[PDB]
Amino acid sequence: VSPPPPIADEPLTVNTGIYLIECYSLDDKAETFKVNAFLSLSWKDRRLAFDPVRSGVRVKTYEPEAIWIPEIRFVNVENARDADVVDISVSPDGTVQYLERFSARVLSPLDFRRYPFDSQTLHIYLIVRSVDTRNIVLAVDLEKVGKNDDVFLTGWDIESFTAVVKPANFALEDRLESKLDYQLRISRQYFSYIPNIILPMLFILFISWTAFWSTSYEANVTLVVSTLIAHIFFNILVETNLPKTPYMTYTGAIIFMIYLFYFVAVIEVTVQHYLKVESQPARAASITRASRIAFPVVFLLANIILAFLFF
């Protein structure tokens, strides 16, 4: 089999569509997601044209091997898609309608800057390489782009599934390649991070601040050091759900900043004890009383600054 020959010098237009059936396994660390969908293809092959009257049929059904089919691939996949051809239908004028159901693991970078209050644009890049006898270009049939209502991505809200209609045409190894960008817009369900990580982390921090109403150095050391260790556990927990980024994430920034608050609280606890031992408690009392206001105030202002820089 060979590609449909051009009537003039035109590139062959392959109309595409992706209909999402299942979305699952969005892996943050790996920056992948799994997809199960219909891939539809359509193109004109004049050599396949027929007269409905003469043939006694209005449609012709072929097997993939019987006819020419464009070699369509995904750019951003781990391995080649697992595909099963569902149908191939030819209209009297040689308009081919191809339908396959496929499953694939897609590589798509994620921006963790606003984590866990982040939104992402996942991409599925469709591609075709031109042949010596014909230049092949891709198009989007909007009537064949969509998603099942039941499509759910655990821990995420699905906003939209659209295609950038104009392909990105470029030369790769002296041949034309035509690339389409299918975009799946999602927003993270931040809900669970509040009772599981955010609030517990704030509670232990506020517990460290009770040391500002205590003259007991031994109890203070216990309050600040114990809560710091629990903060380390939360830091470790958070970093296990995320890849290593060359930038600070919102949560990462708060987690990092909280260490500074623990460090300064230890200085205060030390300074207070030192002065007490040196028979200067009036002074220690001034530092401790100031700390009761300064710590929550600087914490609130630093958080307003951070939220402003990130959102």
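A residue's number is simply how far along the shown sequence it sits, counting from 1.
Stretches 266-274 and 59-67 differ in mean CA B factor, with 59-67 having the higher one.
The deposited model assigns a higher average Cα B-factor to 147-155 than to the other stretch when 236-244 and 147-155 are compared. Across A282, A30, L39, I255, the entry's maximum B-factor at the CA atom is seen for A282.
Per the PDB record, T215 has a higher Cα B-factor than any other of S103, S208, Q120, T215. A49: CA B factor in the highest third of modelled residues in this chain (values from the PDB entry). In the PDB entry, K179 places in the middle third of its chain by CA B-factor.
Among the modelled residues of its chain, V86 has a C-alpha B-factor that falls in the highest third, as given in the PDB entry. Per-chain ranking of the deposited C-alpha B factor places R134 in the highest third.
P109: CA B factor in the middle third of modelled residues in this chain (values from the PDB entry).
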